[PDB]
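Order of the sequence lines sets the chain letters (A, B, ...), proteins ahead of strands, with each chain counted from 1. What's counted below: heavy atoms across the whole structure, side chains too, no hydrogens, waters or symmetry copies.
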Amino acid sequence: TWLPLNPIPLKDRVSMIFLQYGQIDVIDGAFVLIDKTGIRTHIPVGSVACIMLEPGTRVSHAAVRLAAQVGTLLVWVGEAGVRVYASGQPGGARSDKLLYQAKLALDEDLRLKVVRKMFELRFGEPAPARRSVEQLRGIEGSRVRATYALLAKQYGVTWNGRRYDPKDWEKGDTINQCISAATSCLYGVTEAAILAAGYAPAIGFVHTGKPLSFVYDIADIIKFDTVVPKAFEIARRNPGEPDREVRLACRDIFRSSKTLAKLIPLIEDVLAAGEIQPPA
Amino acid sequence: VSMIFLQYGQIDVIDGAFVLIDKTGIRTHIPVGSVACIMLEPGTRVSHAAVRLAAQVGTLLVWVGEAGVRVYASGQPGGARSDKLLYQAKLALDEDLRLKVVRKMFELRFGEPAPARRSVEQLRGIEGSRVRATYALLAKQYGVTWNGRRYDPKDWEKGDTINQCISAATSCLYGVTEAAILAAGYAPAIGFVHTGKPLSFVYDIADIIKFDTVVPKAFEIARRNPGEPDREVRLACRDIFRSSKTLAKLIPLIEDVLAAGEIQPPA
Amino acid sequence: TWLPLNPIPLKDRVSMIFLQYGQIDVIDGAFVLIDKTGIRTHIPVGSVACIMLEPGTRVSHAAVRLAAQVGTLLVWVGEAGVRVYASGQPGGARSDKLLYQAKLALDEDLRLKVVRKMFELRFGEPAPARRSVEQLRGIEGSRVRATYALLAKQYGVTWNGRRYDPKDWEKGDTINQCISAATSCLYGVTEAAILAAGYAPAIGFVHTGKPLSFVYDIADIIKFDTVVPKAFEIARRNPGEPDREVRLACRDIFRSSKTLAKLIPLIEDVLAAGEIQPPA
Amino acid sequence: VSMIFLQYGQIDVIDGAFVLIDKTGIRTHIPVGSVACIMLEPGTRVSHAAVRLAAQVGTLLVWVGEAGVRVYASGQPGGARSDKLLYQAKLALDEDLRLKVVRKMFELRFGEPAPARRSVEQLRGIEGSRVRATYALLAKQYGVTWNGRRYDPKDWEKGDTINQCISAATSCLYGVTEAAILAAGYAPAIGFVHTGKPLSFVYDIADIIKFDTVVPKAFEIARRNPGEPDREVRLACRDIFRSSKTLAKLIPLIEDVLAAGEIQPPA
Amino acid sequence: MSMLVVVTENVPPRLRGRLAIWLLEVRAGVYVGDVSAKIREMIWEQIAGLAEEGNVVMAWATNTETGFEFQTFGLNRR
Amino acid sequence: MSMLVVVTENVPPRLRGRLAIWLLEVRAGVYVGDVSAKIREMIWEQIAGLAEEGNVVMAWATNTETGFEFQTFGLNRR
DNA sequence: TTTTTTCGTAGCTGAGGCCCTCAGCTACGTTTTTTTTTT
DNA sequence: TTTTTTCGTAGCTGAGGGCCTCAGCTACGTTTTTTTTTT
């Protein structure tokens, strides 16, 4: 007859898969990539947290529907692999979770508590007492400049700042290209995680007002432990196509660091600092 | 919020414009400035370039069934704008504001003011009473045997034809309402009368217009007693949504509902 | 065309398998048991250290040949599951190993050193100094009785001594039946190990003159850590046919204790105490 | 010492006696006291009861090819008796005893006393020289082209027909010799001339009788140049072993060889 | 999380695709994946619910002696 | 030691039995076992040496991201 | 200045073909070499 | 008081059959229900 199709836990999944140049269809209820020559490739879409769609892909209505049904995030990436768009289940969010997050964000004191927790998790020490959100922003930014400088010195990479040109990908450094791609991967799995946990990516605490604010918040906590160093290591080699090497490196990092298994507890831990009783 | 429904074709880009393509060539030409939201119906295929362009101009892509009788997937998932979500959330979290919004919903749904001495939870019984009365009147009007609303959430076949039809109809309604809510930039999960469910707000809004159009057709089709009554109801709801422009009318209604909180709306 | 068939390491194998009532054949070069009704059961003979043949089995020449080729020991067991006979590759032993063992056994001083090592490994403390082999035997026997008494009182089993009747299995009590079966399993995997390591089961140090002397020696070292306590645990329950429960238990113990992986290093360690330089 | 060869049938027990059974009923009746050793040839099947009986009376079961041209498996593996193994071991481990045994082997193989002033290692060159001479004489006698003994241990097809035949022949010889050594209760791996190999003793003993029977047959068959010469050699060796009672004659020879150590033999 | 293999025989296309949602099809009716116990069980109720007339064997990695277990749906000689 | 699956297709009887020496045949041409890397490599040279005209896929459990790897002998659509 | 039905996917069915299994027959007991370069 | 060919297993081949795959056609956009016990 017929049986319902439900998402499996995020931690139980491969982190991401990259697809390019072919049409994505559904055949007998399965996700399938077909290239220009007719070669059919089957994608275990339910076993992945993120499917990254590169230029030249053409996705059927049925495929987008299927990805949403199994809870796999579709991410469209452009040049230098930057995230450009995403697709997922709109009715995926949980009201108690959403309202919990909203309550924490709307209250400046609770918001401050959550920001302080983010700071402590990110830097391994408490933030100086009685500092506003903006002051914490400044401290965080300063420490980040220091981290970029240090990584550059360790991997022996020339660093002239975080710079990219929105109108031309060739205008940026190789290192910045790498950082952009790596960060892109991290934001992919992070957005997937935030959505799976039932929260809204747009409601953030350090970063606010953007459609991916909370994603920025969460990713920033662990981005310099994991992906950015690997970006400097790859940039050091000056590769031809540094994107694919960065994407593979990030996959390996996510597996060895068990990032998917860690992201949802990280989110819950961060929000719990508001000291309002959590849902569930 | 302007929008367009696209069906049976590939959505691509030509000269910085959205384009629907057939075996017959270009079917529909869409200038980037003319739609905020593109609703993709079954049989559609989206090119990477089209998504890239949509991202540049901030166009929402929603994957729906015919005429939005189902909502399958959405771009900007979890909502594009913080201010809209936080506005809605603020209205739902404050009991005074929540009460104002619920009163507005009551007014829009029944055409008369909500009684003032009652809380939301208390307004509820009244709504239920009127819904029972309306079902009864429709039953007598269309001459359908009705002993009340009975359905099994876990089994579709145990109900009689009329309840089966009502269920199919409301299912479609939940489709267009969710699409409307997404186009308007709000969260389906944050409700006022209905709370705690992933589609709480959808239920709230759908209840306002549920008895004007859709439920009566459930009764008309039930009376006709066709072979596949659920499928006939879905198709009928599709045709209603198209000819009467239900989705386009829902969005101002949603904004109107939320504005009753008497708090400044997002720009 | 044809490829040689070689034994896989002992530690990589399932310990033992019990076969009864059927004819064992080779079909297309595979070991196969066929019962009275024609049902074929396939046995991964190369994956087992030991195959135990119970009454009613009938083994073809080809099967015995095959078992020897893959280095799997065939053991014929009788009533109460006692080992009765065994079959293996005759040319399996290694000259350096055999002569090493023989040299250690023929010299009374070296022999004493090996016996002392066995004692220390078995009881966890050194044997009292300047004691002959026979004196050590007496000490060992005393400690073994004490151990039987202790196990009996702990599992609440009536113990009237180690007794069995060679002419009737029904004449012995249940606990002794269990001990006999359990010990049988242990001797099975031990003989398999000794043979695989390239040594002679018949050349022992504590026990001498018997065809399985070295097997007795080695098994006795670990016999009371593993197998005998479970014989008591099973005996307390008074089951109908204790044999199959004992076999199952011994399998589980061998797996959890990694007995197969430990046996060859145990043998080498024991022989090494003679302080004669080992083969390779 | 006493043994029997069984083929094509099931070995079972009837009334406390060994029995060979085929579809024609009882083929061979064997009283328990009459054999120390049962050699099981291809096409045999062993019952549990027979093994149980063999265990009771101490009968050695050996799984062999026809007439023992191959030894596949053996009961009491690694040898039944400690005293036999330790006797052989003692003889091999002591250089004086070893020398005595090797001298006896030389005498039995060539019919003359070994030179007194040579050690075992030195006796080797002499043995090798005589083997070269014997191959030469046989080659001239059977009219076979011989440029010496050449074989590739890793590839069988590289040799000419005569060396191929010789190899097949010696292979069979190693079969019956190993069978004999097992029946006598000794270890194939403990050798005197040959050492370090798993079949060292087998090589030692086989070399003693190798040129009487088997190698000449390798030459005769090589001369005949048949279609499958290796297989013809194996069959011929089978027939020789049967008609000449090679296995039965090998056992007293093995005992004599070891007895030359002038140490008290096992009971 | 342990290795999983599903072998299907004569099952309708919808089961063939359904399994392809989580597992990799390396041969016709031979699917491989790495899943947790609860996901393995979910996949099994998919099989039992869709296999219809066909038959299926599912084998997975364990810490038992043989290193794997397996269960079957429908009939088969093996 | 990790789980191993071998799927054979149109292979001669002698390979079918040879695999049955170490692995359990749960379906026609579908064998399961738990082996070490070097035994796996052993089994693979058996396969390459006996498969002849047929084709074979061998998949095993790993510590890689998908949790398994696989290699093939002969050609096949998948 | 209209009468524009076009795309993606599942179910069904018959043809084709691959290959798995077994019965019935014939053949065979076997995958070898042990300090090799003759006299 | 002889003339006793008998067993286990692999290779080969043809028949049978099960099932995997795909082309060609038709049908359909769907697996639903949101505080239910009428007036």
Side-chain angles (χ1 to χ4, degrees), chain A residues 1-2 4 25-29 60-62, chain B residues 7-10 22-24 27 41-45 65-66 69-70 124 128 132-133 135-137 139-140 146-153 156 159 163-164 166-168 170-172 174 194 197 199-200 203 230-231 234, chain C residues 1-2 4 25-29 60-62, chain D residues 7-10 22-24 27 41-45 65-66 69-70 124 128 132-133 135-137 139-140 146-153 156 159 163-164 166-168 170-172 174 194 197 199-200 203 230-231 234, chain E residues 9-10 13-14 28-29, chain F residues 9-10 13-14 28-29:
Chain A
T1 71
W2 173 87
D25 297 337
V26 175
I27 303 178
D28 293 325
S60 77
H61 187 273
Chain B
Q7 164 196 247
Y8 301 156
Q10 202 191 288
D22 270 332
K23 73 175 190 182
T24 67
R27 172 71 61 169
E41 293 178 309
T44 47
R45 188 183 296 279
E66 301 181 325
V69 297
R70 293 297 190 273
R124 264 178 159 242
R132 279 178 261 117
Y135 275 135
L137 182 149
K140 135 85 184 170
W146 180 255
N147 297 120
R149 181 84 173 104
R150 298 171 184 85
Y151 60 86
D152 190 351
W156 177 264
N163 279 277
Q164 205 171 93
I166 294 175
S167 292
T170 63
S171 177
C172 296
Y174 295 162
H194 305 77
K197 308 281 182 331
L199 296 176
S200 293
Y203 304 145
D230 47 335
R231 182 187 175 277
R234 188 176 80 258
Chain C
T1 33
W2 174 89
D25 297 337
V26 174
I27 302 178
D28 293 324
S60 78
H61 186 274
Chain D
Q7 76 175 344
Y8 301 155
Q10 203 190 289
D22 60 30
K23 66 181 186 183
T24 67
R27 173 71 62 169
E41 294 177 310
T44 48
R45 187 183 296 279
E66 300 180 324
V69 297
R70 293 297 189 273
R124 262 184 156 202
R132 277 177 263 115
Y135 276 133
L137 183 154
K140 166 168 161 312
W146 182 254
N147 297 119
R149 179 83 173 104
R150 309 168 52 82
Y151 61 89
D152 190 351
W156 176 264
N163 280 278
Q164 205 170 112
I166 294 175
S167 293
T170 66
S171 177
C172 297
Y174 295 160
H194 305 78
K197 308 280 181 185
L199 295 175
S200 293
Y203 304 144
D230 48 335
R231 182 186 173 277
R234 188 176 80 258
Chain E
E9 270 157 29
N10 192 60
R14 77 176 60 84
Chain F
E9 266 150 36
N10 189 59
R14 75 176 59 85

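For B:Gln10, the side chain to side chain donor-acceptor pair (under 3.5 Å) partners at least two apart in sequence or on another chain are A:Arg58, B:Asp12. Applying the side chain to side chain donor-acceptor pair (under 3.5 Å) criterion to B:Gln164, with sequence neighbours excluded, gives no partner residue. For the side chain to side chain donor-acceptor pair (under 3.5 Å) test, residues two or more places apart in sequence or in another chain that qualify with B:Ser167 are B:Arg149. By the ring-ring contact (aromatic ring centres under 6.0 Å, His included) test, B:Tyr8 is found to be paired with no residue, residues two or more places apart in sequence or in another chain being considered. Applying the side chain to side chain donor-acceptor pair (under 3.5 Å) test to B:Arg234 and every residue at least two apart in sequence or in another chain returns nothing. For the ring-ring contact (aromatic ring centres under 6.0 Å, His included) test, residues two or more places apart in sequence or in another chain that qualify with B:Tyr203 are B:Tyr174, B:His194. With sequence neighbours excluded, no residue forms a salt bridge (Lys or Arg N to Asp or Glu O under 4.0 Å) with B:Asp152.
Between the side chain of D:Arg150 and the main chain of D:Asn147, no donor-acceptor pair closer than 3.5 Å is present.
Comparing B:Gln7 and D:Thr170, the nucleotide of DNA chain G nearest to each residue sits closer to the 5' end for B:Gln7. With the nearest nucleotide of DNA chain H identified for both B:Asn147 and C:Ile27, C:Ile27 has the one nearer the 5' end. Two residues, B:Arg70 and B:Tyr174, neighbour DNA chain H, and the one matched to the more 5' nucleotide by heavy-atom proximity is B:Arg70. Each of D:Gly128 and B:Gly9 was matched to the nucleotide of DNA chain G holding its nearest heavy atom; the match closer to the 5' end belongs to B:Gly9.
One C1' atom belongs to G:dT30, the other to H:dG11, and the distance between them is 15 Å to the nearest Å. Atom P of G:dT4 sits at a distance of 22 Å from the matching atom of H:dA27, rounded to the whole Å. Comparing G:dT35 with G:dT31, their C1' atoms are spaced 24 Å from each other, to the whole Å.
Within the nucleic acid shown, E:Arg14 comes within 4.0 Å of sugar-phosphate atoms alone, with no base atom in reach, counting heavy atoms only. Within 4.0 Å of C:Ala62, counting heavy atoms only, lie sugar-phosphate atoms of the nucleic acid but no base atom. B:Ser200 comes within 4.0 angstrom of no nucleic acid atom, judged by non-hydrogen atoms across all strands. Here F:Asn10 lies in heavy-atom contact (under 4.0 Å) with sugar-phosphate atoms only. At the heavy-atom level, D:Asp22 lies under 4.0 Å from the strands shown only through sugar-phosphate atoms. Among the atoms of the strands shown, base atoms are found under 4.0 Å from some heavy atom of B:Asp152. If you check every strand for non-hydrogen atoms under 4.0 Å, D:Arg150 touches a base. Across all strands, D:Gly159 comes closer than 4.0 Å to no nucleic acid atom at all (heavy-atom distances). Using a 4.0 Å heavy-atom cutoff across all strands shown, D:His194 reaches sugar-phosphate atoms only and no base atom. D:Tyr151 comes within 4.0 angstrom of a base, heavy atoms only. Residue B:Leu199 is classed as having no contact, given no heavy-atom separation below 4.0 Å to the nucleic acid. Base contact: B:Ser167 has a heavy atom under 4.0 Å from a base atom. If you check every strand for non-hydrogen atoms under 4.0 Å, E:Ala28 touches sugar and phosphate atoms only. In this structure, B:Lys23 reaches the sugar-phosphate backbone alone: every heavy-atom distance under 4.0 Å involves primed, P, OP1 or OP2 atoms, never a base.
Applying the 90° cutoff around 0 to the glycosidic angle, H:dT38 is assigned syn. Syn is the glycosidic conformation of G:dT31, whose angle stays within 90° of 0. In this structure, H:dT30 shows a glycosidic angle within 90 degrees of zero, which is the syn conformation.
From the dihedral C1'-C2'-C3'-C4', which is negative here, one reads the pucker of G:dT5 as south, toward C2'-endo. A negative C1'-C2'-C3'-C4' torsion places the sugar of G:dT34 in the south, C2'-endo-side range. From the dihedral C1'-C2'-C3'-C4', which is negative here, one reads the pucker of H:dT21 as south, toward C2'-endo. A positive value of the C1'-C2'-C3'-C4' torsion places the sugar of H:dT30 in the northern pucker family.
Read 5' to 3', the first and last nucleotides of DNA chain G with an atom closer than 4.0 Å to a heavy atom of chain D are G:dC28 to G:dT39.
Without both a ring-centre distance below 5.5 Å and an interplanar angle below 30°, G:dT5 is not stacked on G:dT4. Base stacking between strand neighbours H:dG8 and H:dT9 is detected by the criterion of six-membered ring centres within less than 5.5 Å and interplanar angle below 30°.
In this structure, B:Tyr151 and B:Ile166 have side chains that are not in contact, with every pair of non-hydrogen atoms separated by 4.5 Å or more.
The nearest pair of heavy atoms linking B:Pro42 to B:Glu66 is CD-N, 3.7 Å. Shown here for D:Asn163 and D:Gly148, the closest heavy-atom pair between the two residues is ND2-O, 3.7 Å. Nearest approach of B:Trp146 to B:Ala139, heavy atoms of both residues: CB-CB, 3.4 Å.
Remark: P of H:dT21 and CD of E:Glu9 are 12 Å apart, rounded to the nearest angstrom.
When the local axes at the two ends of the helix from G:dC7-H:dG29 to G:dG29-H:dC7 are compared, using 5 base pairs at each end, they differ in direction by 40° after rounding to 10°.
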